[PDB]
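Note on naming: letters A, B, ... go to the chains in the order of the sequence lines (proteins, then strands), and numbering restarts at 1 for each one.
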Amino acid sequence: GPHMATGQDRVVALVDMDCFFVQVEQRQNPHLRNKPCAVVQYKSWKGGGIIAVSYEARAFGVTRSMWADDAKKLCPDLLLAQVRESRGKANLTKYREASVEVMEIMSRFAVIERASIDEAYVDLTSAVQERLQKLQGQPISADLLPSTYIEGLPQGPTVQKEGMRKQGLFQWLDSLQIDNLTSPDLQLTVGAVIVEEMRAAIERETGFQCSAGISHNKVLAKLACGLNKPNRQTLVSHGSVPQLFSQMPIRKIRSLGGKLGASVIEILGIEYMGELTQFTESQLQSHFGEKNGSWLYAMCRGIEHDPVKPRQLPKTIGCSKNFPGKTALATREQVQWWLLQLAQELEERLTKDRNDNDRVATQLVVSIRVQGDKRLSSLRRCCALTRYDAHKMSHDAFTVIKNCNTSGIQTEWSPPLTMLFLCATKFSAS
DNA sequence: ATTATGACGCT
DNA sequence: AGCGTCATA
Ligand SMILES: [Mn+2]
Ligand SMILES: [Mn+2]
Ligand SMILES: [Mn+2]
């Protein structure tokens, strides 16, 4: 009863850009706005690979990972923007720079954790306490939440989508006790008010729309964010969790979309997150290990303690290229040419990073894949990174991998290389 | 022949 | 240190 931790101590948001690389290209090229369109890398092989898709194009069934030639079969009028190519490879600089635009705006409101190129977690607990003090126990008006869904509402004793949103929001706000500054539901609501402001700032200052989730932890905030994309935000309260989880496939929860989630389903003979509540913590630990078991036990009750890490910048800067099928690198000079191309992009990004962020990478990680290997990476070796020079980095990379060559002929390379990856790691202040 | 990333956990 | 997992556009 009185000692059951409820995991309602924090207010956490997750902000995720809608169709992000597409919006970056649509801002640049107004002809692409409000159209079925997609972003593609390369073009020669089946029209290129799609990596982002506008919501107009999704309506035709176009998805990420689709070849553009195939997407065009579903959507003949699909418009395409190509990722820039530099030094023989796709170059993602435009999208990394657009990401920085958004992250810098979010950072004005609170400490953020950069979770991907297009999303960040926000810990809003302190900002909420401050805003609550400003509001002086005044009610929260629906006008302050013009794009917010309250998950699970409306409920109980209109056929339009926006009408339903407002009905649910009205029920929520009608119920709210605004007279205690410690009610978790109130805290989430004020959190949502701040996120409306954040999302308005992002759109005003960049042109980009986004969605967001507001809840008491990172996992629920991420889940919430996806519930009403695009261009909307969703509040998932502690109380909404039992109904939400009762039909929520386990794989939808962050970190359970892969092998672990599959094992939870198979070993326990269940389908939905809520079904986990019927196991003891020790039972879950017995199957999934101490850490995962404890995590699952709390998470299926809506509780998670993983903090929003204060980290706005990526921890690594990496460059990679696949050499699929016939193009696999079979000669030494081929290997060295591509190592140089990768190293040159890496030096460019590293030098920019050093100037912008007052830090230096100290370790170079070199990874390759060999033809036939099921795994994404066949081999990872590290060496010192002492100077930002592409020629040195590419020479050093070759040194740590050259013994992988099984060829008696040193001119030839065996087995052919299907992937090269260079990654600068272990930053230190400079 | 989705590709090009990035973070974290295990041993 | 090197490997594996899970996630992103
Ligand atoms: Mn997104
Ligand atoms: Mn995202
Ligand atoms: Mn996505």
Side-chain angles (χ1 to χ4, degrees), chain A residues 14 16-25 38-54 62-71 81-86 89-96 98-99 102 113-121 208 218-219 222 225-226 251-263 288-292 295 306 309 311 313-328 342 345-346 349 363 365-369 371 373-383 400 418-426:
Chain A
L14 181 278
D16 189 274
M17 311 303 295
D18 301 330
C19 59
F20 184 46
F21 287 14
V22 161
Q23 286 199 86
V24 174
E25 297 294 336
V39 172
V40 71
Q41 35 190 26
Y42 306 116
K43 211 86 180 55
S44 314
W45 187 266
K46 300 177 172 178
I50 292 181
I51 56 169
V53 185
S54 80
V62 180
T63 62
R64 191 191 25 100
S65 93
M66 204 163 263
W67 297 114
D69 285 349
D70 294 333
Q82 297 186 244
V83 174
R84 171 201 210 188
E85 285 174 47
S86 304
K89 63 181 293 297
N91 189 292
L92 305 171
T93 297
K94 188 195 298 184
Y95 313 108
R96 288 192 187 98
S99 180
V102 173
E113 175 182 344
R114 183 204 198 263
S116 80
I117 199 169
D118 93 320
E119 75 211 78
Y121 294 92
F208 304 145
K218 290 163 72 179
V219 162
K222 179 62 173 171
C225 181
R251 71 183 172 273
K252 300 304 184 174
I253 279 69
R254 198 196 75 194
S255 80
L256 297 182
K259 293 185 177 183
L260 177 60
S263 65
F288 311 113
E290 186 178 313
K291 188 175 176 291
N292 283 335
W295 182 82
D306 183 38
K309 298 178 167 194
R311 184 187 67 243
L313 310 171
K315 299 186 169 196
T316 56
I317 294 182
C319 290
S320 74
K321 178 142 187 50
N322 287 350
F323 304 97
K326 294 176 180 177
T327 73
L342 287 183
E345 177 184 330
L346 194 62
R349 285 164 59 194
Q363 191 179 64
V365 173
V366 187
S367 180
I368 64 175
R369 184 179 180 174
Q371 204 152 50
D373 195 324
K374 156 89 142 169
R375 298 167 303 169
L376 275 67
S377 164
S378 295
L379 179 131
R380 180 227 172 140
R381 296 286 193 269
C382 67
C383 69
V400 314
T418 52
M419 186 271 297
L420 300 178
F421 181 27
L422 294 182
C423 191
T425 68
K426 294 193 188 317

Between [N] ([atom2]) and [X] ([atom1]): distance, integer Å:
X        : N     : atom1 : atom2 : result
A:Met419 : B:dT2 : CE    : P     : 16 Å
A:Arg369 : B:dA4 : CZ    : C1'   : 14 Å
A:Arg114 : B:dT5 : CZ    : P     : 12 Å
A:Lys374 : C:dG4 : NZ    : P     : 13 Å
A:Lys309 : B:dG6 : NZ    : P     : 17 Å
A:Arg380 : C:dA1 : CZ    : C1'   : 7 Å
A:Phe323 : B:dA1 : CZ    : P     : 14 Å
A:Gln82  : B:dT3 : CD    : P     : 16 Å

Distance check: side-chain N/O of [X] vs OP1/OP2 of [N], anything under 4.0 Å?
X        : N      : result
A:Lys89  : B:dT5  : yes
A:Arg349 : B:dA4  : no
A:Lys291 : B:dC10 : no
A:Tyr95  : B:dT5  : no
A:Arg96  : B:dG6  : yes
A:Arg64  : B:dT3  : no
A:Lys315 : B:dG6  : no
A:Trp67  : B:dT2  : yes
A:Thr316 : B:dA7  : yes
A:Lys222 : C:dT8  : yes

Among [options], find the nucleotide with the atom closest to the side chain of [X].
X        : options             : result
A:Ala90  : B:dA4, C:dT5, C:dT8 : B:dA4
A:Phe20  : B:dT5, C:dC6, C:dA9 : C:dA9
A:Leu92  : B:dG6, C:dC6, B:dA4 : B:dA4
A:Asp118 : C:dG2, C:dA7, C:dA9 : C:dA9
A:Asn322 : B:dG6, C:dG4, B:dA4 : B:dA4
A:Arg381 : B:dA1, C:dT8, C:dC3 : C:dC3
A:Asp16  : C:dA9, B:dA4, C:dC6 : C:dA9
A:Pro324 : C:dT8, C:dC6, B:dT3 : B:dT3

Classify [X] by what it touches in the nucleic acid, base, sugar-phosphate, or nothing, heavy-atom distance under 4.0 Å.
X        : answer
A:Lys321 : sugar-phosphate
A:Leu256 : sugar-phosphate
A:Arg375 : sugar-phosphate
A:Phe21  : sugar-phosphate
A:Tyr42  : sugar-phosphate
A:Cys423 : nothing
A:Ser116 : sugar-phosphate

Q) Mind checking the P distance from C:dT8 to B:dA1? Whole angstroms is fine. A) 24 Å
Measuring only between side-chain heavy atoms, which start at C-beta, is [X] closer than 4.5 Å to [Y]?
X        : Y        : result
A:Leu14  : A:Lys218 : no
A:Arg381 : A:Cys383 : no
A:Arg349 : A:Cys319 : yes
A:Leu92  : A:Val83  : yes

Q) Does atom CZ of A:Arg311 have more than 12 heavy-atom neighbours, drawn from other residues, nucleotides or ligands, at distances under 6.0 Å? A) yes
Q. Just by distance, with hydrogens left out, do A:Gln363 and A:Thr425 show a side-chain donor and acceptor under 3.5 Å apart?
A. yes
Q. Do the rings of A:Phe21 and A:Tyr95 sit parallel, tilted or perpendicular, given the 30° and 60° boundaries?
A. parallel
Q) When the nearest nucleotide of DNA chain B is assigned to A:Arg311 and to A:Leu376 on a heavy-atom basis, which residue is associated with the more 5' position? A) A:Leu376
Q. Is there a donor-acceptor pair closer than 3.5 Å between any side-chain N or O of A:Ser320 and the backbone N or O of A:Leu420?
A. no
